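Just so you know, structure 1 and structure 2 below are the same protein chain in two forms, each on its own as structure tokens.
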Structure 1
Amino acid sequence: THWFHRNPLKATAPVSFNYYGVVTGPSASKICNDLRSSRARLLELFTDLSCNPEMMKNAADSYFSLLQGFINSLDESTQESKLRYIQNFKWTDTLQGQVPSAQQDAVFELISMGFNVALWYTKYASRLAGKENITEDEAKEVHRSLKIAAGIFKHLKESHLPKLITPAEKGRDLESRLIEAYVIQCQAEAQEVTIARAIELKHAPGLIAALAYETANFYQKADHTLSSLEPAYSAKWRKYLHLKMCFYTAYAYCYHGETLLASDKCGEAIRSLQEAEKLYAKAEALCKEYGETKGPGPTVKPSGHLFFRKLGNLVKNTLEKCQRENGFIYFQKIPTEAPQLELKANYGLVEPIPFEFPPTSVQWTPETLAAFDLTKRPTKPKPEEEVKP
């Protein structure tokens, strides 16, 4: 089964959307109720394990299309809503623990709620993927859910983060590097699911080696993207990314050795299988060095036993072939260095499923908007705590 590290959900303070004298009419009054109720419905779903992607999408759709009114102009989008700065929103971050952050900007709310929705997908994905009984359709759903999340993250970063007036801090969820790492991670993870399948269905070793390799690179990339953060909060996560890089590079060498073998090349085949097992042991090292490190999110232990059942066969096949040359044991002449993997995976690479927010609600009409009279203006709650497992 699959093991994916998860940082905690973002938490927020409840918003009543109650503007009092400012709201002069029934239509404007109704929207505030819709916002209040749809935001709350969405927030409670994050902690509902019985919730599925159809339900999550419908709630997000509701809230976001309403929320859009505080941001976009009615049909004139490319023109900005007068309501944007009306409300202060308060959100915590995945790596900052219970320390909240506030902006009176509807865009800050949109992006932060978006993030959580994307987070929810990767978490729906990881729970479903932790199943030992996992079926093919569940794996598609895992694979697909991770692609949704990737696309959302990407959309937030590309089309949204630039709109914020005040820049977010290093180590905060809405910052290019941090979002970029979430995007990359999601793709890596989807590919993990593809690899386990390519392995089940007995696809060509060269296919599986390239895919494993590229996946190791994604993890490297993500790790590098995060290297810019402060070790305190990024440590455990990075340890886990480094772990995953090794785990999958081993796979690359193992399956790439089978390539080299079928190529009548022995010494490098053996040197490749050796690199694999060495790497795989190095991954066991980093694995509980990761179990030590204190950081955001519960620590995760890999169930998968496969690597050795594969390597044993390869090792046994290689020795049969490469004895009377290099083997039987005490090998020569084996190349001092591991053969450098340069591999492109033509199959199994994952693209983010392109995301866009729903259009501004039909409920937002000029009259309804006019019924918010900002000339009628003259304490704070705290984030309700996410409270997961």
Structure 2
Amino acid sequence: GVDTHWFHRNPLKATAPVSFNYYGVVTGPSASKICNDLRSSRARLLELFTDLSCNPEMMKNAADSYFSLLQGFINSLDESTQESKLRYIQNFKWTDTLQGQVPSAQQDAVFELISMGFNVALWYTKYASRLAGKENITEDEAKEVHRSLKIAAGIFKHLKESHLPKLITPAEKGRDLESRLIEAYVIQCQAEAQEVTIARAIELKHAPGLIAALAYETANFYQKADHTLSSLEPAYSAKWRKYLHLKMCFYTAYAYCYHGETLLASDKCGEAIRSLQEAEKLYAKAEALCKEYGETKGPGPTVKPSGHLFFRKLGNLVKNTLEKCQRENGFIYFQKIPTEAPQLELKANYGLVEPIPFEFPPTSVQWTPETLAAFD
């Protein structure tokens, strides 16, 4: 009843386990305790990423618990112009979504806050894609897919705007913390969330003009994400870019389809037919890209999306809508079919997805000047 969606996913990030043991540096019960609490809250959060029973409430509770403690290594307790003396005490090491098994490390607690935050965002995108793929998916689950993607978008955007600029040592090219990847993730999250919007708008029976505009803006996001990545080495970006390009073509086909409905409703049947013919072309291009995606090596599972329900449903809509327009033209309108496809310049008046703003929790109250003093 509610439609499924297929979202390509790169792998979650992995990290070296961290004991938070500073040996002689740390003295006394409270600093020792806070180190134990850092160790166990980090471990609990990491375990959740692969725990199939995890839901957003659990994730948010675990994330808040760890991030509030970790921030004692970052934030000053008494001045927004100052920083924790502990920022550089611990080396943290992480793999990256496109880099396979080759990790990278920094001795900077901000690098950890951002890397782990990035994995929390990825978790929300994977919870969304897992729900979106269920043949039995419900209305509440669709709402959760949409919300989770917007939450992820807001986390990635917050990291990019407010935390990445703090790193005195930048991430190397191709890594999640460089300029290009994180921006592509923000955009992709918006585009994916907007697919769900389009399905809901259709279900809620909105005008085809709104549907077409949302489809067009969705295609535009996917195109923009694709371009954002296009300067990366093809070896590790090609598969992801095939997905983005495939979705761009797909939603452009959607746009031409609903734009055809709008034209037909305006009694321009000839133009509607030409719009649907362009939808056929874009749809065929998307099918070709799906085959290429299925043949392209890179991060994530081998997949063949042209066989998926989402894909085949659009194919049927295009075919049926085109046939409808042809019948209208033959019985009712008798209009010439223009030679050139319409130039789409559609702007959605409603429904455009924006990230849900994210902020980290405040520094844990476990951090006190006495506790801080016990690190020497």
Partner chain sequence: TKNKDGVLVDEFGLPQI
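The term rigid core refers to the most C-alpha atoms you can superpose between the two forms while keeping them within 1.5 Å. Numbering for residues begins at 1 and runs along the sequence of structure 1. Shifts are known only where both forms have a C-alpha.
Identity of the form deposited with its partner chain bound among structures 1 and 2: Form deposited with its partner chain bound: structure 1.
In a fit on the core, which one among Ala338, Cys51, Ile334, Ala40 has a Cα that moves 2 Å or more between the two structures? After core superposition, the single residue displaced by 2 Å or more is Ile334.
For a quick test of reading the superposition: does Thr166 move by 2 Å or more at the CA between the two structures, rigid core aligned? The answer is no; the displacement is under 2 Å.
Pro100 C-alpha shift between the two structures of 2 Å or more, rigid core reference: Superposed on the core, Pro100 moves its C-alpha less than 2 Å between the two structures.
Take the rigid core as the frame of reference and indicate whether the C-alpha of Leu226 shifts by 2 Å or more between the two structures. No; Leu226 is a residue whose C-alpha shifts by less than 2 Å between the two structures when the cores are overlaid.
Shift in Å of the C-alpha at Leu306 between the two structures after core superposition: With the rigid core fitted, the alpha carbon of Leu306 is displaced 7.7 Å between the two structures.
How much does the C-alpha of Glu268 move between the two structures, in Å, when the core is lined up? The alpha-carbon displacement, core-superposed, is 1.7 Å.
Keeping the rigid core fixed, what distance in angstrom separates the two C-alpha positions of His256 between the two structures? So the C-alpha of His256 has moved 0.2 Å between the two structures.
Using only residues present in both forms, find each stretch of at least 3 consecutive residues where all Cα shifts reach 2 Å or more between the two structures, with the core as the superposition reference, and list them in order along the sequence. These are the shifted runs between the two structures: 200-202, 299-336.
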